[PDB]
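Residue numbers (PDB author numbering), protein chains in the order written: chain 1, 1 to 228; chain a, 1 to 338; chain 2, 1 to 214; chain A, 51 to 100. A virtual CB, placed ideally from N, CA and C, is assigned to each residue, including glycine. Let me begin by presenting the structure, written as structure tokens, before commenting on it.
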Ligand SMILES: *[C@@H]1O[C@H](CO)[C@@H](O)[C@H](O)[C@H]1NC(C)=O
């Protein structure tokens, strides 16, 4: 089976350098054109670069020209992307890809058939920080038609991801964990909310379980109605 | 049969290179001569032209020729193909890049059909000398005479004694592709081609594309139109720019390899012997400069070897030990004395 | 450079519908173009190449048309697995840009958002920051406008929104808007309101609280 | 013998260092400042970098 496996992604500061790698197997790597494609969080695909079977020609998107360098080592079945002078705009999942497994010198018409799972590059000056978890308390203002909403605000963490569960995963119905937003501080924030019967607020305990693996932070936050 | 040579017949492409003496000066002729091999004996020459003889575009033929005018292979009936030397030659057979011909002695070899509205010939400076096989420095193969084991090129084509390389053609330039649309330059592709766009203005320098147009640059003289036609392959000629990629394989068999045939050699007139006391008077009437070799049969060889052209009488001291002399291609003989 | 323009940027369709996605190149690309389907969190998968060659193993319901500058992907009968983002790619030249992508979402009946407002927690206020959260729950279509008002003054530049992917069961969206203030600015004002405009609402719905009221 | 010359390689701008092939009597050399005309007109316009 054809496989591509990206590695070397992570958190890097602006202006620093990072080197991505992509190991290839199940095809004759040294005979085929190789490509990098990136996808910024919540954006469309962006073509980054291409390199020939021999490495003799190399092309780049104008957004990355002079900062990114594509290379390969045919003896190691490995593609590389050297990234220099990284910017916040370079924050993306980078995918290693190739055409269908058939060869050429400076020609291709089978663009992008086989791909890797992608590796996340995050360009930020932020350091690893655990979230602060605050209750979104149910109230008369968060009640509609016999349904109450309650939640947890998971604020000021870096990097992604956090995981949020409710009642250790026993509560899944009506749960919405929103995509994280990048704040102007360079820290992420998200909310997780759940809708529950208003009659259950006095009898059922609601706990959000927040886990941020990068900082080893686990927080279990009980969400109760605000006592007046 | 004839169609059992598809490797050179299908895949090869008539290429065009820089003939040194194309008519008046060095043009780019479709019949650029390369690798003249006049190393045979009887005067048969193998010429590796840049045109592809024999095969029509439509698979195979022999009464046709494929030469490249422009970006396309304008194949025609072969009709008046000249092979010239100091005197005009007489071609024997033609197979793709190679054409085997028999020529008289000379110092220049020129090739050219005459497509009719135009000539399209080519020459090259290369001496051609023809030493006949044997002891007689003749000039032309005679009607009769003895035969000797000469070496020459077979007229047969279905051989695989030797092979030659054939890889992807290089980036042929073609200025005629840089047209303009009165606002910007327009590139074009005839069919399946994938041209390269390059221009002097600060713009996309790579420009690998099918049918497309320039970004900003406008001056035709400030651009380059490189053409890619990797569908066919050409000979590894030293007058054509290398493709930037891989040496594509495919061994084109050499149609005319040397073989050890038998040529008819001349036969010098018989000498007139006249015996004399311990002396062999030999009357000689050579027709062409012929080697004469004699050696004593005794303990001391006492060799004697000298070319003789003008009729002359030579004498030798034949002792009681005996003497041997080989006049021309005649078999050797021996003599005594009293 | 070449640019690829896709129309529409998003569309809503039902199962069984004929979907037509158009891609336009800024310069001629002959037929050296391909189409890719991407599902949320997955790698792209190629569906068509050469502007009409269907990829081996891809369903016969996918089809492609056009040449030169204008190209199309046609899904003849949209299946439940076809709700995804579709990209065109030109492959005539390097650089080889993708289009912006066309998102095909599940069409459902209009659903009005359930609107909820959450005051900042007393724990957050001890940290010197106040986050006010407005939740729009289970609405369709995705187009919703949230407007923060503090003492009836319209807020700008101090809120961030996040929207879920389309729910796999009810085909709705949920939206969270977070107004972020300093504790000092939160303590200066009294009335905090989230005003929601959506097609399923006959008039804008306002949810509000007074600071320090229960 | 026979002097088999492979097709020569030309780059429009910037040099090209040669490698010592294991061929018998493999003689390699680089030329600069060439401005090769061929077929359709000139091949390059880097008049010094050719
Ligand atoms: C024989 O040899 C003598 C001495 O070299 C020479 O002068 C003469 O011409 C030769 N031939 C005859 C026919 O005597």
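| Query | Result |
| --- | --- |
| Given a limit of 7 Å on CB to CB distance, which residues of the region 195 to 223 of chain a reach chain A? | 200 |
| Using only CA atoms, which one of 143 (chain 1), 182 (chain 1), 209 (chain 1) lies nearest to residue 201 (chain 1)? | 143 (chain 1) |
| Who's in the neighbourhood of ligand 1, going by beta-carbon under 6 Å from any heavy atom, listed in chain order? | 281 (chain a), 313 (chain a), 315 (chain a) |
| If you reduce the DSSP assignment to three classes, tell me which class residue 116 (chain 2) lands in. | strand |
| Kindly indicate which three-state DSSP category residue 173 (chain a) falls into: helix, strand or coil? | strand |
| Using CA coordinates, which residue listed in 119 (chain 2), 190 (chain 2), 148 (chain 2), 87 (chain 2) is at the minimum distance from residue 37 (chain 2)? | 87 (chain 2) |
| With a cut-off of 8 Å on the beta carbons, I'd call residue 36 (chain a) and residue 126 (chain a) a contact; round off their distance for me. | 5 Å |
| What are the partner residues of residue 106 (chain 1), as DSSP defines its beta bridges? | Paired residue(s): none; residue 106 (chain 1) is not in a bridge. |
| From which residue to which residue does the beta strand (DSSP E) around residue 9 (chain a) run? | From DSSP, residue 9 (chain a) is part of no beta strand (DSSP E) but of the alpha helix (DSSP H) over 6 to 11. |
| Starting from residue 105 (chain 1), find everything on chain a with Cβ-Cβ shorter than 9 Å and list it in chain order. | 168, 230, 243, 244, 245, 246, 248 |
| Could you check if residue 90 (chain 1) is buried or exposed, using at least 16 other CB atoms within 10 Å of its CB as the buried criterion? | buried |
| Closest Cβ-Cβ distance between residue 91 (chain A) and chain a: below 7 Å? | yes |
| Is there at least one Cβ from chain a nearer than 7 Å to residue 53 (chain 2)'s Cβ? | no |
| Are the C-beta atoms of residue 55 (chain A) and some chain a residue less than 7 Å apart? | yes |
| Is there a Cβ from chain 1 that is less than 7 Å from the Cβ of residue 135 (chain 2)? | yes |
| Compare the C-beta of residue 102 (chain 1) with all C-beta atoms of chain 2 and state if any pair is closer than 7 Å. | no |
| Indicate the three-state DSSP secondary structure (helix, strand or coil) for residue 77 (chain 1) in the structure shown. | coil |
| Could you spell out the range, first to last residue, of the beta strand (DSSP E) harbouring residue 105 (chain 2)? | 102 to 106 |
| How would you label residue 46 (chain 2), buried or exposed, when you count the other beta carbons within 10 angstroms and need 16 or more for buried? | buried |
| Quick one: Cα of residue 30 (chain 1) to Cα of residue 92 (chain 1), how far? | 27 Å |
| Should the region 203 to 223 of chain a be called in touch with the region 148 to 165 of chain a, which here means at least 3 C-beta pairs below 8 Å? | no |
| Looking at the structure shown, is residue 100 (chain a) part of a helix, part of a strand, or coil, going by DSSP? | strand |
| At the 7 Å Cβ level, is residue 142 (chain 1) part of the contact set with chain 2, yes or no? | yes |
| Please list the terminal residues of the continuous alpha helix (DSSP H) segment that includes residue 15 (chain a). | No alpha helix (DSSP H) holds residue 15 (chain a); DSSP gives it neither H nor E. |
| Report the neighbours of residue 236 (chain a) on chain A: residues whose CB is nearer than 9 Å to its CB, in chain order. | 54, 55, 56, 57 |
| Where DSSP assigns a beta bridge to residue 18 (chain 1), which residues make up the other side? | 83 (chain 1) |
| Is it the case that the region 137 to 145 of chain 2 contacts the region 183 to 192 of chain 2, given that we only count it when at least three CB pairs across the two stretches are under 8 Å? | no |
| Taking Cβ-Cβ distances shorter than 9 Å, what residues in chain 2 pair up with residue 9 (chain 1)? | Under the 9 Å cutoff, chain 2 gives no residues; its nearest Cβ is about 15 Å from residue 9 (chain 1). |
| So residue 397 (chain a) is in the alpha helix (DSSP H); what residue range does that whole segment cover? | What is shown of chain a runs 1 to 338, which leaves residue 397 (chain a) out entirely. |
| Any chance you could list the beta strand (DSSP E) runs of at least 3 consecutive residues sitting entirely within the region 25 to 101 of chain a, in chain order? | 34 to 37, 44 to 54, 64 to 66, 82 to 84 |
| Taking C-beta pairs closer than 7 Å, name the residues in chain a that residue 41 (chain 2) reaches, listed in chain order. | Near residue 41 (chain 2) there are no residues of chain a at all, since even the closest Cβ is about 34 Å away, more than 7 Å. |
| Using a beta-carbon distance below 7 Å, is residue 198 (chain 2) in contact with chain 1? | no |
| Rounded to whole angstroms, what is the Cα-Cα separation between residue 2 (chain 2) and residue 191 (chain 2)? | 52 Å |
| Helix, strand or coil, according to DSSP, for residue 112 (chain a) in the structure here? | strand |
| Quick one: what does DSSP say residue 192 (chain 1) is sitting in, helix, strand or coil? | strand |
| Which partner residues of residue 228 (chain a) appear in the DSSP bridge assignment? | BP columns for residue 228 (chain a) are empty, so no partner. |
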